[PDB]
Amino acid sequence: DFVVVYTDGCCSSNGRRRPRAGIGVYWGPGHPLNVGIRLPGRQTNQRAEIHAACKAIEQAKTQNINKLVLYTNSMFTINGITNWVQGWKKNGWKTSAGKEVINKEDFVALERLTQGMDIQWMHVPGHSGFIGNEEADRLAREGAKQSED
């Protein structure tokens, strides 16, 4: 009934001068939907993690899939979409310190995708998961090595 997918977002030189952010998605051994692309827009790891998910819900919708089990090591991504967003719409998208929520654009994009979607968000220990997370990371790393389109 459900489908299991592994996503990762990386970023070479995160917070440095020339950051390169990539995303990776893993469905199955040699699954043709396995992808590792350079992330357009601002080059951060947090944006890569959110949009690495985003691409998974994107691809699942093109497969008439609505029940998803989504794996990512980003507690930022998981806690934001499952918790913080509801309070953010209520307080005008303001962090605990009163400043604007930086990745609002990415979280709005993510939730817009979760509509009509039944996703079970699951966390992976970044250094203790099995080959699903390990590979998905490798797709992200090699995706950040590419140029944009």
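In case it trips you up, residue 1 is the first one in the sequence shown, and so on.
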{"item": "Stretch with the greater mean C-alpha B-factor as recorded in the entry, comparing 118-126 against 49-57", "value": "118-126"}
{"item": "Per the entry, higher mean C-alpha B factor between 98-106 and 63-71", "value": "63-71"}
{"item": "Candidate residues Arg42, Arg112, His31, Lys89, the one whose C-alpha B factor the record puts highest", "value": "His31"}
{"item": "Chain-relative CA temperature factor third for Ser13", "value": "middle"}
{"item": "Chain third (lowest, middle, highest) by recorded CA B-factor, residue given as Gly132", "value": "highest"}
{"item": "Position of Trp84 among the chain's modelled residues by C-alpha B-factor, lowest, middle or highest third", "value": "lowest"}
